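Dumped start_13.csv below, it's CSV, N, CA and C atoms and all ligand atoms:
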chain,number,residue,atom,x,y,z
A,1,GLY,N,-21.2,1.9,15.0
A,1,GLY,CA,-22.5,1.3,14.9
A,1,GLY,C,-22.8,0.7,13.5
A,2,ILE,N,-22.3,1.4,12.5
A,2,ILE,CA,-22.6,0.9,11.1
A,2,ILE,C,-21.7,-0.3,10.9
A,3,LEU,N,-20.5,-0.4,11.3
A,3,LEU,CA,-19.7,-1.6,11.2
A,3,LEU,C,-20.2,-2.7,12.0
A,4,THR,N,-20.7,-2.5,13.2
A,4,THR,CA,-21.3,-3.6,14.0
A,4,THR,C,-22.6,-4.1,13.4
A,5,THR,N,-23.4,-3.2,12.8
A,5,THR,CA,-24.6,-3.6,12.2
A,5,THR,C,-24.4,-4.4,11.0
A,6,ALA,N,-23.4,-4.0,10.1
A,6,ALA,CA,-23.1,-4.7,8.9
A,6,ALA,C,-22.4,-6.1,9.2
A,7,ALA,N,-21.6,-6.1,10.3
A,7,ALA,CA,-21.0,-7.4,10.7
A,7,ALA,C,-22.0,-8.3,11.3
A,8,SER,N,-22.9,-7.8,12.0
A,8,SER,CA,-24.0,-8.7,12.6
A,8,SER,C,-24.9,-9.2,11.6
A,9,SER,N,-25.2,-8.4,10.5
A,9,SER,CA,-26.0,-8.9,9.4
A,9,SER,C,-25.3,-9.8,8.5
A,10,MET,N,-24.0,-9.6,8.4
A,10,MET,CA,-23.1,-10.5,7.6
A,10,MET,C,-22.8,-11.8,8.3
A,11,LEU,N,-22.9,-11.9,9.6
A,11,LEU,CA,-22.6,-13.1,10.3
A,11,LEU,C,-23.8,-14.1,10.1
A,12,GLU,N,-25.0,-13.6,9.8
A,12,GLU,CA,-26.1,-14.5,9.5
A,12,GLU,C,-25.9,-15.2,8.2
A,13,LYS,N,-25.2,-14.5,7.2
A,13,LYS,CA,-24.9,-15.1,5.9
A,13,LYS,C,-23.8,-16.2,6.0
A,14,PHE,N,-22.8,-15.9,6.8
A,14,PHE,CA,-21.6,-16.8,6.9
A,14,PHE,C,-20.9,-16.6,8.2
A,15,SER,N,-20.4,-17.7,8.8
A,15,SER,CA,-19.8,-17.6,10.1
A,15,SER,C,-18.5,-17.0,10.1
A,16,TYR,N,-17.5,-17.5,9.3
A,16,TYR,CA,-16.2,-17.0,9.4
A,16,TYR,C,-16.0,-15.8,8.4
A,17,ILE,N,-16.8,-14.8,8.5
A,17,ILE,CA,-16.6,-13.5,7.8
A,17,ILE,C,-15.4,-12.8,8.4
A,18,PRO,N,-15.1,-12.6,9.7
A,18,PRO,CA,-13.9,-11.9,10.1
A,18,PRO,C,-12.6,-12.6,9.8
A,19,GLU,N,-11.9,-12.2,8.8
A,19,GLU,CA,-10.6,-12.6,8.5
A,19,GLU,C,-9.6,-11.4,8.3
A,20,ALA,N,-8.4,-11.6,8.6
A,20,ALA,CA,-7.4,-10.5,8.6
A,20,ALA,C,-6.2,-10.9,7.8
A,21,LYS,N,-5.3,-10.0,7.6
A,21,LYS,CA,-4.0,-10.2,6.9
A,21,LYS,C,-3.1,-11.0,7.8
A,22,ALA,N,-2.3,-11.9,7.2
A,22,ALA,CA,-1.5,-12.8,7.9
A,22,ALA,C,-0.2,-12.1,8.4
A,23,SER,N,0.6,-11.6,7.5
A,23,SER,CA,1.8,-10.9,7.9
A,23,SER,C,2.1,-9.7,6.9
A,24,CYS,N,2.6,-8.6,7.4
A,24,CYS,CA,2.9,-7.5,6.5
A,24,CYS,C,4.1,-7.8,5.7
A,25,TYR,N,5.0,-8.7,6.1
A,25,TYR,CA,6.2,-9.0,5.4
A,25,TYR,C,6.1,-10.3,4.7
A,26,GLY,N,7.1,-10.7,4.0
A,26,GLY,CA,7.1,-11.9,3.2
A,26,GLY,C,6.3,-11.8,1.9
A,27,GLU,N,-5.4,-16.9,-0.1
A,27,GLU,CA,-6.9,-16.8,-0.1
A,27,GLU,C,-7.4,-15.3,0.0
A,28,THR,N,-7.6,-14.7,-1.1
A,28,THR,CA,-8.2,-13.3,-1.1
A,28,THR,C,-9.6,-13.4,-0.6
A,29,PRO,N,-10.1,-12.5,0.2
A,29,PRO,CA,-11.4,-12.5,0.7
A,29,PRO,C,-12.5,-12.2,-0.3
A,30,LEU,N,-13.6,-12.9,-0.3
A,30,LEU,CA,-14.6,-12.7,-1.2
A,30,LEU,C,-16.0,-12.3,-0.6
A,31,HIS,N,-16.2,-12.5,0.7
A,31,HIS,CA,-17.4,-12.1,1.3
A,31,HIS,C,-17.0,-11.1,2.4
A,32,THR,N,-17.0,-9.8,2.0
A,32,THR,CA,-16.7,-8.7,2.9
A,32,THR,C,-17.9,-7.8,2.9
A,33,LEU,N,-17.7,-6.6,3.6
A,33,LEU,CA,-18.8,-5.7,3.8
A,33,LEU,C,-18.8,-4.6,2.7
A,34,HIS,N,-17.9,-4.8,1.7
A,34,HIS,CA,-17.8,-3.8,0.6
A,34,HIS,C,-19.1,-3.9,-0.3
A,35,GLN,N,-19.7,-5.0,-0.4
A,35,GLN,CA,-20.9,-5.2,-1.3
A,35,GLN,C,-22.1,-5.6,-0.4
A,36,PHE,N,-22.2,-5.2,0.8
A,36,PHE,CA,-23.2,-5.7,1.7
A,36,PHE,C,-24.0,-4.6,2.5
A,37,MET,N,-23.3,-3.6,2.8
A,37,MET,CA,-23.9,-2.5,3.7
A,37,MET,C,-24.4,-1.3,2.9
A,38,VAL,N,-25.0,-1.7,1.7
A,38,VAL,CA,-25.6,-0.7,0.8
A,38,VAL,C,-26.7,0.2,1.5
A,39,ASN,N,-27.5,-0.4,2.3
A,39,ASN,CA,-28.4,0.3,3.2
A,39,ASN,C,-28.0,0.1,4.7
A,40,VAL,N,-28.2,1.1,5.5
A,40,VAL,CA,-27.9,1.0,6.9
A,40,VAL,C,-28.7,2.0,7.6
A,41,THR,N,-29.2,1.7,8.8
A,41,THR,CA,-30.0,2.6,9.7
A,41,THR,C,-29.5,2.5,11.1
A,42,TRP,N,-28.6,3.4,11.5
A,42,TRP,CA,-28.1,3.4,12.9
A,42,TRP,C,-28.8,4.5,13.7
A,43,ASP,N,-29.5,4.1,14.8
A,43,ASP,CA,-30.2,5.0,15.7
A,43,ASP,C,-31.2,5.8,15.0
A,44,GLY,N,-31.9,5.3,14.0
A,44,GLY,CA,-32.9,6.0,13.3
A,44,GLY,C,-32.3,7.0,12.3
B,1,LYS,N,27.9,17.4,-17.3
B,1,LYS,CA,29.0,17.6,-18.2
B,1,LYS,C,28.9,18.9,-19.0
B,2,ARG,N,27.7,19.1,-19.6
B,2,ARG,CA,27.4,20.3,-20.4
B,2,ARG,C,27.0,21.5,-19.7
B,3,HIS,N,26.7,21.4,-18.3
B,3,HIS,CA,26.3,22.5,-17.5
B,3,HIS,C,27.4,23.2,-16.8
B,4,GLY,N,28.7,22.8,-17.0
B,4,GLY,CA,29.8,23.5,-16.5
B,4,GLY,C,30.2,23.1,-15.1
B,5,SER,N,30.7,24.1,-14.3
B,5,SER,CA,31.2,23.8,-13.0
B,5,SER,C,30.4,24.5,-11.9
B,6,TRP,N,29.0,24.4,-12.0
B,6,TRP,CA,28.2,24.9,-11.0
B,6,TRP,C,28.3,24.0,-9.7
B,7,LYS,N,28.1,24.6,-8.5
B,7,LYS,CA,28.3,24.0,-7.2
B,7,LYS,C,27.4,22.8,-6.9
B,8,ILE,N,26.4,22.6,-7.7
B,8,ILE,CA,25.5,21.5,-7.4
B,8,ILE,C,26.2,20.2,-7.9
B,9,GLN,N,25.7,19.1,-7.3
B,9,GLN,CA,26.2,17.8,-7.7
B,9,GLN,C,25.0,16.9,-7.9
B,10,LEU,N,25.2,15.7,-8.5
B,10,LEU,CA,24.1,14.8,-8.8
B,10,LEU,C,24.5,13.4,-8.2
B,11,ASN,N,23.8,12.9,-7.3
B,11,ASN,CA,24.0,11.6,-6.7
B,11,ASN,C,22.8,10.7,-7.0
B,12,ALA,N,23.1,9.4,-7.1
B,12,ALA,CA,22.1,8.4,-7.5
B,12,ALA,C,21.8,7.4,-6.4
B,13,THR,N,20.6,7.0,-6.3
B,13,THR,CA,20.2,5.9,-5.3
B,13,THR,C,19.1,5.1,-5.9
B,14,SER,N,19.3,3.8,-6.1
B,14,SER,CA,18.4,2.9,-6.7
B,14,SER,C,18.2,1.7,-5.9
B,15,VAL,N,16.9,1.2,-5.8
B,15,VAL,CA,16.6,0.0,-5.1
B,15,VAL,C,15.9,-0.9,-6.1
B,16,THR,N,15.6,-2.2,-5.7
B,16,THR,CA,15.2,-3.2,-6.6
B,16,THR,C,13.7,-3.7,-6.2
B,17,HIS,N,13.3,-4.8,-6.8
B,17,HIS,CA,12.0,-5.4,-6.6
B,17,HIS,C,11.8,-5.8,-5.1
B,18,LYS,N,10.5,-5.6,-4.7
B,18,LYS,CA,10.0,-6.3,-3.5
B,18,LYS,C,8.6,-6.9,-3.9
B,19,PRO,N,8.4,-8.2,-3.6
B,19,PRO,CA,7.2,-8.9,-4.0
B,19,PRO,C,5.9,-8.3,-3.3
B,20,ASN,N,6.1,-8.1,-2.0
B,20,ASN,CA,5.0,-7.4,-1.3
B,20,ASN,C,5.0,-5.9,-1.7
B,21,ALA,N,3.8,-5.3,-1.6
B,21,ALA,CA,3.5,-4.0,-2.1
B,21,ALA,C,3.8,-2.9,-1.1
B,22,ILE,N,3.5,-3.1,0.2
B,22,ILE,CA,3.7,-2.1,1.2
B,22,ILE,C,5.2,-1.9,1.4
B,23,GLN,N,6.0,-3.0,1.3
B,23,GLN,CA,7.4,-3.0,1.5
B,23,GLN,C,8.2,-2.4,0.3
B,24,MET,N,7.5,-2.1,-0.8
B,24,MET,CA,8.1,-1.3,-1.8
B,24,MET,C,8.4,0.0,-1.3
B,25,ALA,N,7.4,0.8,-0.8
B,25,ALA,CA,7.6,2.2,-0.4
B,25,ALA,C,8.0,2.2,1.1
B,26,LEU,N,8.0,1.1,1.8
B,26,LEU,CA,8.5,1.2,3.2
B,26,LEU,C,10.0,1.4,3.2
B,27,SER,N,10.7,0.9,2.2
B,27,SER,CA,12.1,1.2,2.1
B,27,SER,C,12.3,2.6,1.6
B,28,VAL,N,11.4,3.1,0.7
B,28,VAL,CA,11.6,4.3,0.0
B,28,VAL,C,11.4,5.5,0.9
B,29,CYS,N,10.5,5.4,1.9
B,29,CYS,CA,10.1,6.5,2.7
B,29,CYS,C,11.2,6.8,3.8
B,30,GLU,N,12.0,5.8,4.1
B,30,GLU,CA,13.2,6.2,5.0
B,30,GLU,C,14.5,6.1,4.2
B,31,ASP,N,14.6,5.7,3.0
B,31,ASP,CA,15.8,5.8,2.2
B,31,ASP,C,15.9,7.0,1.4
B,32,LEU,N,14.9,7.3,0.6
B,32,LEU,CA,15.1,8.4,-0.4
B,32,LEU,C,14.7,9.7,0.2
B,33,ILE,N,13.6,9.8,1.1
B,33,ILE,CA,13.2,11.0,1.7
B,33,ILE,C,14.3,11.4,2.7
B,34,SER,N,14.9,10.5,3.4
B,34,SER,CA,16.1,10.8,4.2
B,34,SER,C,17.3,11.2,3.4
B,35,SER,N,17.3,10.8,2.1
B,35,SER,CA,18.4,11.3,1.2
B,35,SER,C,18.2,12.6,0.5
B,36,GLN,N,17.0,13.2,0.8
B,36,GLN,CA,16.6,14.5,0.2
B,36,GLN,C,16.5,14.4,-1.3
B,37,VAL,N,15.7,13.5,-1.8
B,37,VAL,CA,15.6,13.3,-3.3
B,37,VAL,C,14.7,14.4,-3.8
B,38,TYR,N,14.8,14.6,-5.2
B,38,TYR,CA,13.9,15.5,-5.9
B,38,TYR,C,13.0,14.8,-6.8
B,39,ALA,N,13.3,13.6,-7.3
B,39,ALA,CA,12.5,12.8,-8.2
B,39,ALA,C,12.8,11.3,-8.0
B,40,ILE,N,11.7,10.5,-8.1
B,40,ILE,CA,11.8,9.1,-8.0
B,40,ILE,C,11.4,8.5,-9.4
B,41,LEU,N,12.1,7.5,-9.8
B,41,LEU,CA,11.9,6.9,-11.2
B,41,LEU,C,11.6,5.4,-11.0
B,42,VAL,N,10.4,5.0,-11.5
B,42,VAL,CA,10.0,3.6,-11.5
B,42,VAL,C,10.0,3.1,-12.9
B,43,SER,N,10.8,2.0,-13.2
B,43,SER,CA,11.1,1.6,-14.5
B,43,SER,C,11.0,0.0,-14.6
B,44,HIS,N,9.8,-0.5,-14.2
B,44,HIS,CA,9.6,-1.9,-14.2
B,44,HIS,C,8.5,-2.3,-15.2
B,45,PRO,N,8.8,-2.7,-16.5
B,45,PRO,CA,7.8,-3.2,-17.4
B,45,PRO,C,7.5,-4.7,-17.3
B,46,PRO,N,8.4,-5.5,-16.8
B,46,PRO,CA,7.9,-6.8,-16.3
B,46,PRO,C,7.5,-6.8,-14.8
B,47,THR,N,6.2,-7.2,-14.5
B,47,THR,CA,5.8,-7.5,-13.2
B,47,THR,C,5.2,-8.9,-13.2
B,48,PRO,N,5.3,-9.6,-12.1
B,48,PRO,CA,4.6,-11.0,-12.0
B,48,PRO,C,3.1,-10.9,-12.1
B,49,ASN,N,2.5,-9.9,-11.4
B,49,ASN,CA,1.1,-9.7,-11.5
B,49,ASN,C,0.9,-8.8,-12.7
C,101,LIG,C1,24.9,9.5,-2.2
C,101,LIG,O1,24.5,10.0,-0.9
C,101,LIG,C2,24.6,9.1,0.2
C,101,LIG,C3,25.1,9.9,1.4
C,101,LIG,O2,25.4,9.0,2.5
C,101,LIG,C4,25.4,7.8,0.1
C,101,LIG,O3,24.7,6.7,-0.3
C,101,LIG,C5,23.9,6.0,0.7
C,101,LIG,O4,24.1,6.5,2.0
C,101,LIG,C6,23.2,5.9,3.0
C,101,LIG,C7,23.3,6.5,4.3
C,101,LIG,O5,22.8,7.9,4.3
C,101,LIG,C8,23.4,4.4,3.0
C,101,LIG,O6,22.4,3.8,3.9
C,101,LIG,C9,23.4,3.8,1.6
C,101,LIG,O7,23.8,2.4,1.7
C,101,LIG,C10,24.3,4.5,0.7
C,101,LIG,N1,24.2,4.0,-0.6
C,101,LIG,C11,25.3,3.7,-1.4
C,101,LIG,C12,25.0,3.4,-2.8
C,101,LIG,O8,26.4,3.8,-0.9
C,101,LIG,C13,26.6,8.1,-0.9
C,101,LIG,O9,27.7,8.6,-0.2
C,101,LIG,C14,26.3,9.0,-2.1
C,101,LIG,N2,26.8,8.5,-3.3
C,101,LIG,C15,26.7,7.2,-3.7
C,101,LIG,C16,27.9,6.5,-4.0
C,101,LIG,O10,25.6,6.7,-3.8
C,102,LIG,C1,-32.0,-3.1,3.7
C,102,LIG,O1,-32.2,-3.9,2.5
C,102,LIG,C2,-32.8,-5.2,2.7
C,102,LIG,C3,-32.8,-5.9,1.3
C,102,LIG,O2,-33.4,-7.2,1.5
C,102,LIG,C4,-34.1,-5.1,3.3
C,102,LIG,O3,-34.7,-6.4,3.6
C,102,LIG,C5,-34.0,-4.4,4.7
C,102,LIG,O4,-35.3,-4.2,5.2
C,102,LIG,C6,-33.3,-3.0,4.5
C,102,LIG,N1,-33.1,-2.4,5.8
C,102,LIG,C7,-32.0,-2.7,6.6
C,102,LIG,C8,-31.2,-1.4,7.0
C,102,LIG,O5,-31.7,-3.8,7.0

Written form, structure tokens:
Amino acid sequence: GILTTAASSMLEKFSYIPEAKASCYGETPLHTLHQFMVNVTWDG
Amino acid sequence: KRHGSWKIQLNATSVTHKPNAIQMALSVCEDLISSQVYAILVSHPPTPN
């Protein structure tokens, strides 16, 4: 619930927030949930 | 040499650079732990990062 709430609130700020790693073998993200979900209220 | 003729022996196993960070220890966890190592030595004073 906390991850879905933070992602839903982050989607309003920017569309292509979900980005993942290309390959484990062989553009660093700047807008993640590390600095965004400071407050959260799931199910009261 | 200076410890005489005790039954223990000393074997060495060394690996080199990997640019990716997970594949540094990905080789280590099945090479050295499978080799029953006692100590691992990291000796890289140049890094690209
Ligand atoms: C040190 O112990 C191992 C025992 O096999 C040998 O070295 C490695 O052996 C593994 C298989 O367990 C191989 O995958 C590696 O390629 C081997 N490395 C080397 C450098 O051969 C080896 O017999 C022993 N002594 C030496 C020479 O490292
Ligand atoms: C969290 O903080 C923001 C800051 O603007 C505030 O508007 C909001 O009411 C707070 N509550 C949640 C959990 O969204």

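Interface residues of chain A facing chain B, defined by any atom at most 10 Å away and using only C-alpha atoms, are residues 24, 25 and 26 of chain A.
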
All residues having an atom within 10 Å of ligand LIG 101 (chain C) (only C-alpha atoms and all ligand atoms) as a VMD selection string = chain B and resid 10 to 15 30 to 32 34 to 37

Please write out the residues within 7 Å of ligand LIG 102 (chain C) as a ChimeraX atom specification, counting all atoms listed in the file.
-> /A:38-41

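Reported to one decimal place, the separation of atom CA of residue 32 of chain A from atom CA of residue 20 of chain A is 11.1 Å.
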
In Å and to one decimal, atom CA of residue 35 of chain A is distant from atom CA of residue 21 of chain A by 19.4 Å

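A straight line drawn from atom CA of residue 48 of chain B to atom CA of residue 19 of chain A is 25.6 Å long.
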
Write out as an MDAnalysis selection string all residues of chain A that backbone DSSP assigns to alpha helix (DSSP H).
-> chainID A and resid 2:11

If you take every atom of segment 26-40 of chain B that the file lists and fit an axis-aligned box around them with 8 Å extra on each side, what centre and edge lengths come out in Å to one decimal, as lines of an AutoDock Vina configuration file?
center_x = 13.2
center_y = 8.2
center_z = -2.2
size_x = 26.4
size_y = 30.6
size_z = 30.4
